[PDB]
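Encoded as structure tokens, the following chain is the form deposited in one PDB entry, with no partner shown.
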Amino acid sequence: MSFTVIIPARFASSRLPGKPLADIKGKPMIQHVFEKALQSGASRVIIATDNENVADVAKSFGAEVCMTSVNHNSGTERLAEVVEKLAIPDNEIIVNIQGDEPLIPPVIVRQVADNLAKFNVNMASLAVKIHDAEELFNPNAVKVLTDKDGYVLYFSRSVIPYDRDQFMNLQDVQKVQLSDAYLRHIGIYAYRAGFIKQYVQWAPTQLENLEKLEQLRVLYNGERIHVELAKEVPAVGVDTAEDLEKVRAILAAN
């Protein structure tokens, strides 16, 4: 049950400059994720970053921070260094709440950490349903599909599953009514310190570089992943300035 949260907060970002420090109602984005993790019930909350400026701000708001190499290509790779640096036991459960999920409800953090034992996987994540076609067709929205038991089939930026009879000869994209079969992946993962170590022992894959999805290294290497549907999202992932206005809107509506 017990677990520790590590929040990867890379500074550089093509889409959103200074992303982690992006302002949201008076506080940088990372602070929201942080204060959220505090109420999750985690035993320790660590902001993993690669920028001195981000480190200062994170310290200014009382967050323990671990500096990491700017050479990492993903949060999972970054957390591999934190786990080693801070000698966190292999059996310790780590929940990676990516620094761009400022609205993730605290209750689901505990849920994902528990899903490792419940579903017998070395890695577990979450997802919310997609209701609008615009979001489904958005490459920034990562889609995921599982089998009857929740075990992931594939993660992709591509439109899956493909609705052949509705999409092939689609006359008007606005007249699109999705069927209840789409899931947007939340940028949150649960995995033991030891599994993270195994992750970086595996070699980078072409698959993860094509899609730009760190979790594909896991599927590529025959490792099972469980994803569970959460209810009441309300917002997921901020990669663009627009998603940023999406979060401000969902908050303005107190």
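A residue's number is simply how far along the shown sequence it sits, counting from 1. Here, rigid core means the biggest group of C-alpha atoms that superpose within 1.5 Å across both forms.
Unshown form deposited in another entry; subsequent notes refer to it.
Considering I186, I225, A193, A48, one residue stands apart with a C-alpha shift of at least 2 Å between the shown form and the other one following superposition on the core, and it is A48. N115 shows a C-alpha shift below 2 Å between the shown form and the other one [criterion: core-superposed Cα displacement of 2 Å]. Once the rigid core is overlaid between the shown form and the other one, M67 counts among the residues whose Cα shifts by 2 Å or more.
In this overlay on the rigid core, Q98 has a C-alpha that sits 2 Å or more away from its partner position between the shown form and the other one. Three angstroms is the minimum change: in that other deposited form, the CA atoms of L103 and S158 sit farther apart than in this structure, by 3 Å or more. Between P234 and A124, the Cα distance is smaller in that other deposited form than in this structure, by no less than 3 angstroms.
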